[PDB]
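Top line first, the protein sequences correspond to chains A, B and C.
Here the first sequence stands for residues 290 to 432, 441 to 525, 534 to 649, 655 to 667, 670 to 776, where the numbers follow PDB author numbering.
Here the second sequence stands for residues 19 to 106, where the numbers follow PDB author numbering.
Here the third sequence stands for residues 4 to 37, 41 to 118, 127 to 206, 211 to 306, 344 to 408, 421 to 700, where the numbers follow PDB author numbering.
Note that CB positions come from ideal geometry on N, CA and C, so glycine has one too.
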Amino acid sequence: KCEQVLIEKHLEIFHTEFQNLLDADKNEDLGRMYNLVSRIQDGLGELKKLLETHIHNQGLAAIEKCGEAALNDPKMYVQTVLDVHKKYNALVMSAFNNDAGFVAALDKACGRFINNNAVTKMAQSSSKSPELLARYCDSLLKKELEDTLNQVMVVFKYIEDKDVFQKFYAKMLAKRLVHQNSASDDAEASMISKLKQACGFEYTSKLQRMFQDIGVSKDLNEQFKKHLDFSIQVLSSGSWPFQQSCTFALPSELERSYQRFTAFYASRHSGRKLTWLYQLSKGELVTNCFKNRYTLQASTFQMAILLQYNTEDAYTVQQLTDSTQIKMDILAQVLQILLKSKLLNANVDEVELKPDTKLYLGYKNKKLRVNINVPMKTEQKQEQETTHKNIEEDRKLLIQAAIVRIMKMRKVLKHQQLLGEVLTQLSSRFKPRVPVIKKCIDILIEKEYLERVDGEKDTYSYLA
Amino acid sequence: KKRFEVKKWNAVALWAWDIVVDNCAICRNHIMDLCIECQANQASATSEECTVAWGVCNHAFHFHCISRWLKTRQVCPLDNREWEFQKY
Amino acid sequence: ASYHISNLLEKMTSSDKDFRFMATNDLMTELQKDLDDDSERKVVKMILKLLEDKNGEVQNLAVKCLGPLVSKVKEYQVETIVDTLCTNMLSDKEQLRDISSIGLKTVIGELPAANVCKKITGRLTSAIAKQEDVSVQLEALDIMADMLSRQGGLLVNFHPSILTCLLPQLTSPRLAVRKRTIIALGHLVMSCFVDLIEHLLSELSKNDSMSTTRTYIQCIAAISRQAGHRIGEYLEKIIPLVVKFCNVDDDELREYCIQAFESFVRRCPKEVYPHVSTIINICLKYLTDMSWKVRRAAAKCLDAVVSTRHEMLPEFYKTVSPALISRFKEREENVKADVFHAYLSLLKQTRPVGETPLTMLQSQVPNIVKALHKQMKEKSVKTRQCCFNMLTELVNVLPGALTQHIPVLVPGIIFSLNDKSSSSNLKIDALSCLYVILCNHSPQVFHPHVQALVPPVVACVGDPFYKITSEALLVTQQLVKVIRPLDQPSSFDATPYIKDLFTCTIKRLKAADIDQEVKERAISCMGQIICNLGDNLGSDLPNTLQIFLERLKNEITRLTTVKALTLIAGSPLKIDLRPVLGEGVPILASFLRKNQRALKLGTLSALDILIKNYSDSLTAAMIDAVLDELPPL
Ligand SMILES: [Zn+2]
Ligand SMILES: [Zn+2]
Ligand SMILES: [Zn+2]
């Protein structure tokens, strides 16, 4: 009775106060109000709805505040998201006493405004969040820190698109393994152990396969050096996401290493060759003609281009093209980087490279050893869309395989049930669309996998 | 006119079977080129989805060719064992 | 039915990858929903055989199904499954070991019986013993940690054995093993029986006499964090050890700072604060690299001191703690941010529920602004945001503090606002700080800065970002009252600012599908301008006022419009509203029908004030309509 006279009659008056207590940080007031409203029956749904609305509004405001910066900066956005998530979690635990019905509200709210936000609208795709997460993870892994990994793992559960994130993480791990610049093995082991619980088993098996492949490369290299300033990695194309290297002619000084090792391979393995890759290769050269000795690192194409400067002063781009065998786009991309490096006009950036057009005696730097290998200006975007297309193709193939295996078991299945089985079987990975699932049935049908039953359409049967 | 020397070098290479990489065992056409099923007709909507499928045995096989071969016999004809998909 | 399970089992060894992924899925679905002993044994055997396969998808599906399988089964099946999983875990195959570990973890998670846990713990105790292999040791440690995290009530008579088996792992050459065993010990400390904690503490105390090994300190910190109420009785034997070890030359004070902070946060009762306060003060000062994170830890250690303890506020004020905190404001960003956070926490703790803390704080105020003056010239947005937050907090805790510093602080605010590289967050923080300063300061110390504060505010008003526009509108509304306060006399020719301030405001009056907050802020600013500077406006006063009528129809800006009308009606200045009275009063009468307490009160007050101020211009027509809504009120 008392609860009906001191709380019930004024519930509306309390409601307007709730928002007033959310704008300003007052944990004691929220706790007292929750304790008061707990005694009342069916009087908590409105509070949960208001809390969810406030959480969504605050998240949208935070994401919009850092607009036009989160697209290429996966650090600040992730930091803000984690800070907001932890703040809300602490507020719920302390004020609401970690109520069962309130933790779900925050979970659904996060799952709602993480996928869709200003970044998603600007990028015109919901896969930007996993991309930023993968980039941030790679940044942390590449050169006390376990707290961030746990935060990323717990917040990652709200991400619906997991295949894109897994593919990006695999690509980053492969890139880091190819170019040895990792921080420590303990961090990698901890990350693998943490991902074992979240990700499935195929991903872990592939990562272990890559690890053993690189180990075999390392011990083969050490055995080769023992048998005899030259290290080459031998990896498997099937278990590593790398494409075939384009046409390229080896220089003179590097020819010897290409021959002897090949012979060493002939006596070790038969029926298999090696596909040398140069886009990922690197080297180092030393010069002394300057006022001081310089020890600089570069890529294979860069050393090949420079190594043409013996017995010459200046060149034409075409002789370069016909002597180095490099495509015009890559040749121009390398040449503009070299010009920016002040190693080879009014202005170097954004100046046309005209096939008709030497090294300048300069490049005065305080550091004895200087690294010039840097990512290209546009290769990042090209890699982005090509990886996105590959992921889309893999998703389509996986959907086709799932449909085929579902229909194999059932001799004759309805069209409606078939789309529920496909959605529920792959829901853990992604949420395929219905316009997208339709095409695949047609392609399967076009390839004689299935037959719409003769009596009526929208019933499919499996015919061998 | 300058002296440019090299001290060390790092390279990356990939190993694969020659007999399968140079030409697919099922289809005698070039792997990069369209398959026989895709070459017979070009207006079909399935002509842009034929790609190279790899496996544990590091063998290259066309997607359509391997899919059709898996109907009757599931063991790979080269190593005589269970074929598995790794990438495309 | 029996035939269903029989055919499922027959099709499970099908030799087709897709016929062994459908049968397993069907079995999982059937087991999930709410089976003879022979069928149970057969399905368990088939699942165990299939757990090791040449495909990852089927292996993962079987591992997932292992969870629900134990949910409905007798005890012997679980015992044999655990036994076979443990035996397989000892195999040299990495894949099989990982599969067994994942299955055991899933089984442990599925569980909330006792015999199974005892056997598992015994197997882990036997396996964790010193062995050449490390992978099995790490897997066993992970399984034990997961079990302790999940279950910590049973196995009372097994804690000594676990502690004895885990102790040798502390001196393992691998730092990962040391961290894992420290975490496992911390988790197990919660489960424990009570007699073991004393033995562990004594062993750690006697082992503290060691060479340069930070594992013992890390374990001590972990156990203190996991349980502080059970270690408060042994601080006299731990504090001296760390105090003496702090004199070492190697950079290892980080652990001492971390454990001191943990003790301060968790264990409130103690009287050793001054003993370590001087040590922390001297540690934060020295600098000579790996010397920045030690400074960061030293700075963060004072956070607990300034937050938890409150009765010791005056001794903090009299000591050199705030002096050093303010002095160390020209260092790298990582430590500067933590110093700012610590002093913000101190200021927050200053506010309570010979000389009072407020009086002492004011005496040091002149030493803060100067220290922040140079910070206003830094190009880092983080430093500017921290300075703005500090100024806002200082103004909020006690007004009237920054009275003789406006001339030296306004230029910094203008420079920060005019900077193009400033982000939206920095501009928002600067505007909020300016608004707080204006709302908590005398108007008499802002007249000279009007010429330097009106142009930037007007410029900020024209911003595509809506929050910045709202902040600029709020600043303009505050400045309208500050420049011409009607409560006290003033003498300042503000006429030159009448046009631009209006121009930036009237332009925002026309919403045209804009954010609701922007509309409300614009309406409030227009109402305040009309109420205050109503006489200055010429022929643009009536027409714009008509727009208010358009705001009385939509419910989005009804309360704001009513409040603005009420505020305008009550003011010393005489504002002509008659043209909107005959058409305005009836509309208000329509707000008394809908059930809205706040709206009803607002409209009643507006009508009352309008009638009181404007009684000569009235008509019985609208009066009759207004009177019709009284009987039901
Ligand atoms: Zn084809
Ligand atoms: Zn083929
Ligand atoms: Zn094969």
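Neighbourhood of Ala-486(A) in chain C, by CB distance below 9 Å: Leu-152, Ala-190, in chain order. Residues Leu-553 of the same chain have their beta carbon placed closer than 8 Å to that of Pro-639(C), with the five preceding and five following residues left out of the count. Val-647(C): not part of any beta strand (DSSP E); DSSP gives it neither H nor E. Within chain C, the residues whose beta carbon sits less than 9 Å from that of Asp-483(A) are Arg-188, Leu-189, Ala-190, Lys-193, listed in sequence order. Short note on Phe-79(B): C-beta closer than 8 Å to some heavy atom of ligand 2. Out of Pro-363(A), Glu-768(A), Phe-307(A), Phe-453(A), the CA that lies nearest to the CA of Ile-403(A) is found in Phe-453(A).
For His-48(B), the shortest separation between its Cβ and any heavy atom of ligand 1 does not lie below 8 Å. At the C-beta level, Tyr-681(C) and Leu-648(C) come within 9 Å of one another. Closest in alpha carbon position to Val-266(C), among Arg-284(C), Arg-232(C), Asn-492(C), is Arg-232(C). For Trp-87(B), the shortest C-beta to heavy atom distance toward ligand 3 is 8 Å or greater. Of all residues in the region 80 to 104 of chain C, none is placed with a Cβ closer than 8 Å to any Cβ belonging to chain B. Membership of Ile-535(C) in the alpha helix (DSSP H) is indicated by the continuous run 533 to 550. Excluding the 5 residues flanking it on each side, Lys-468(A) has same chain C-beta neighbours closer than 8 Å at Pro-546, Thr-699, in chain order.
Remark: C-beta atoms of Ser-106(C) and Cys-131(C) do not approach each other more closely than 9 Å. Contacts with chain C at 9 Å (Cβ-Cβ) do not include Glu-768(A).
Checking the 8 Å criterion, the Cβ of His-524(A) is out of range of every heavy atom belonging to ligand 2.
Per DSSP, the unbroken beta strand (DSSP E) holding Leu-725(A) starts and ends at 724 to 726. In this structure, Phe-535(A) sits near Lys-26(B), with a CB-CB distance shorter than 9 Å. Contact between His-201(C) and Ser-163(C) is confirmed by a C-beta separation of about 6 Å, below the 8 Å threshold. Every unbroken stretch of the alpha helix (DSSP H) spanning 4 or more residues and falling wholly within the region 575 to 608 of chain C is given here in chain order: 583 to 599.
When rounded, the separation of the alpha-carbon atoms in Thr-363(C) and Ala-240(C) is 20 Å.
Shortest Cα-Cα distance from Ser-562(A) to any of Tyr-106(B), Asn-28(B), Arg-21(B), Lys-19(B) involves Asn-28(B). Residue environment analysis places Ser-740(A) among the exposed positions, since fewer than 16 neighbouring C-beta atoms fall within 10 angstroms of its C-beta.
For the region 706 to 738 of chain A, the set of residues with a beta-carbon nearer than 7 Å to any beta-carbon of chain C comprises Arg-717, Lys-720, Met-721, in chain order.
Taking 7 Å as the upper bound on Cβ-Cβ separation, chain A lies near residues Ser-491, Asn-492 of the region 482 to 516 of chain C. Think of a sphere of 9 Å around the beta carbon of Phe-547(A): the chain B residues whose beta carbon falls inside it are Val-30, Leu-32, in chain order. Secondary structure note for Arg-681(A): it is in no alpha helix (DSSP H), and the uninterrupted beta strand (DSSP E) holding it is 681 to 683.
Counting of Cβ neighbours within 10 angstroms places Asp-516(A) among the exposed residues, the total staying below 16. Within chain C, the residues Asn-66 have their CB atoms less than 7 Å from the CB of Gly-497(A), given in chain order. The beta carbon of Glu-280(C) sits closer than 7 Å to the beta carbons of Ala-239, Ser-242, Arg-243 from its chain, once the five residues preceding and following it are set aside; these are given in chain order.
For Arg-473(A), the closest of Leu-612(A), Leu-671(A), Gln-347(A), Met-507(A) by C-alpha to C-alpha distance is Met-507(A).
Between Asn-76(B) and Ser-542(A), the C-beta gap is smaller than 9 Å, which places the two residues in contact. Residues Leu-616 of the same chain have their beta carbon placed closer than 7 Å to that of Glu-650(C), with the five preceding and five following residues left out of the count.
The C-beta separation of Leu-476(C) from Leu-469(C) comes to about 7 Å, placing the pair in contact by the 8 Å criterion.
In summary, the residues of the region 333 to 360 of chain A whose CB is separated from some CB of chain C by less than 7 Å are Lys-354, in the order they occur in the chain. Here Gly-588(A) carries a strand assignment [DSSP, helix/strand/coil].
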